[PDB]
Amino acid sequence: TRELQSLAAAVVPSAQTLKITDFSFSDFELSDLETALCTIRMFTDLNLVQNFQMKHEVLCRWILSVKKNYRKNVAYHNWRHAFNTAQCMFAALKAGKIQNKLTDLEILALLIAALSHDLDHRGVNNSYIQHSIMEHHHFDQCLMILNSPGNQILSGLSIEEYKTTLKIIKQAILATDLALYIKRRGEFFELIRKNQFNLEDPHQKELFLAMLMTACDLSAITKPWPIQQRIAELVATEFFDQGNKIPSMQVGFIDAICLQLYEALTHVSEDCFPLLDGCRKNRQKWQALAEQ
């Protein structure tokens, strides 16, 4: 409660001051408190606080709840990865001009889902517990928090706005299962290959939203080389140390998973090119190392 007090008081610097509009944004120099402020600025500049009447104290308390329910002891899947996925959503909406293409409820759900999509993750090598099992648990945690007293940032919504928002949130979190991404991306590319991609179709809109969640989830792969190398470290710590081969593994994951995604995304809105570009520059660098 010491921490909610300092955060509820602080001034929220502008989007420009915080750099949360650059696809190149990094979080390494920021304290937890500063990522909270960045997160309030994301909600605010998306018009989410205005259009849905979010009480300042509840947003603050919601954000600290979410941060609280990521595990510090997990190297990569932690609050900072959740914060970075949201920042990328923000930059894709603003810098990448995708805001125009969506409604406010879609935007409000993508931001909440980006921040919540890995809640209570314990590291890839602790697949304990008791078709997207993890993602279902992530959404449960997310809903559980959205309902906690004092944390209900969706109280300003009507019952029908609320039910619509939770549907998207759930779809968005579940979309972060790379299995679903592999299952559904073929249709997405096909409709962009043939120039028939239209967002006004509901099934197509929902598919874009799933694809955008993956693009943000994986976006460490697009970052300036010294930033991406540091994350790549964290990914390796989690995968190996449960807390020479790597460069070529990196190139395989970029080719199998990332490049097409970011290519397709650039066709939808070419202001998302920094992501595709950042991904290529990283493939180049990793391949050079892969060749020793």
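Superpose the two forms; the largest set of C-alphas matching within 1.5 Å is the rigid core. From 1 onward, residues are counted along the sequence shown.
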Checklist entry - Following superposition on the rigid core, is the mean squared CA displacement, expressed as RMS, greater for 199-207 or for 67-75 in 8 other deposited structures of this protein? => result 67-75
Item to check | Higher-deviation stretch (C-alpha RMS, rigid core fit) in 8 other deposited structures of this protein, choosing from 132-140 and 184-192 | outcome: 132-140
Checklist entry - From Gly243 on to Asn244, does the model leave out none, 1 to 3, 4 to 9, or 10 or more residues of the deposited sequence? => result 10 or more
Checklist entry - Hey, how big is the hole between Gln130 and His131 in terms of deposited residues without coordinates: none, 1 to 3, 4 to 9, or 10 or more? => result 10 or more
Checklist entry - Quick one: higher average CA temperature factor, 119-127 or 175-183? => result 119-127
Checklist outcome for this item: The stretch whose C-alpha atoms carry the larger average B-factor in the entry, 76-84 or 153-161, is 153-161
Next on the checklist: Per the entry's Cα B factor values, which of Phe239, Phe43, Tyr262, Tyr70 stands out as the maximum?
Outcome noted: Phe239
Next on the checklist: Based on the deposited C-alpha B factors for this chain, I'd like to know if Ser24 is in the lowest, middle or highest third.
Outcome noted: middle
Checklist outcome for this item: Here the Cα B-factor of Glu233, set against its chain, lands in the third termed lowest
Checklist outcome for this item: The third of the chain into which the C-alpha temperature factor of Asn195 falls is the highest
Checklist entry - Considering only modelled residues of the same chain, in which third does the CA B-factor of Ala9 rank: lowest, middle or highest? => result highest
Item to check | Chain-relative CA temperature factor third for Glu206 | outcome: highest
